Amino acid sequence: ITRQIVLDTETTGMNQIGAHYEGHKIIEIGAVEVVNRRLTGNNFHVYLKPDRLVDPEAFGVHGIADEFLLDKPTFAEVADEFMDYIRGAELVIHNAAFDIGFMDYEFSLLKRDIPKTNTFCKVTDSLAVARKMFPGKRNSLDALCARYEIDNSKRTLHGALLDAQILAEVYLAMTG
């Protein structure tokens, strides 16, 4: 009856000062649907053309090459379906402010008066939840994988769908 969408993004990078997303772009969105504590398998996964370069640090994390993104859709091209997918759900995101910041930024660039994500989705920060559950402990997604015996062996490089799927498993266990 209620949908949870476990979501992750990869980006061109991030700013350590000021708005973390300014001047950066989402290059991958990965989102997995959970209904009644079961993955439905109906997911959303896109790579996006950023029309700027990936910062070396970000490339160190996700390995998504500039060349790979050249033929991909723009955020504008996926935004409608993305909104249709997430609307009304509880979004579960590890360090939610990061991705939500990027999402609202990208939505805002569309100049379509799209309201903030948290006005049409519930936003749950699984990192805050993990910190509450495991105060004083490591709470990276990888740390949580070890804690909950979730396979992250394929996660040498981070990817948005990969990370969202891993987080969904972790979060189900956290709330189970």
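Just count from 1 along the sequence shown to find any residue number.
Q: In at least one third of the other PDB entries compared, is residue 156 left unmodelled?
A: Yes.
Q: With reference to the PDB entry, specify whether the mean Cα temperature factor is higher for 39 to 47 or for 61 to 69.
A: Comparing averages over the C-alpha atoms only gives 61 to 69.
Q: Report the stretch with the higher mean CA temperature factor, choosing between 19 to 27 and 149 to 157 on the basis of the entry.
A: Here the higher of the two C-alpha B-factor means belongs to 149 to 157.
Q: Go through 125, 142, 33, 55 one by one and give the residue whose Cα B-factor in the PDB entry is largest.
A: Of the candidates given, the C-alpha B-factor peaks at 55.
Q: Going by what the PDB entry lists, where does residue 131 fall on CA B-factor within its chain: lowest, middle or highest third?
A: As the PDB entry reports it, the C-alpha B-factor of residue 131 lands in the lowest third of its chain.
Q: Give the position of residue 6 by CA B-factor within its chain, expressed as the lowest, middle or highest third.
A: Ranked within chain, residue 6 CA B lands in the lowest tercile.
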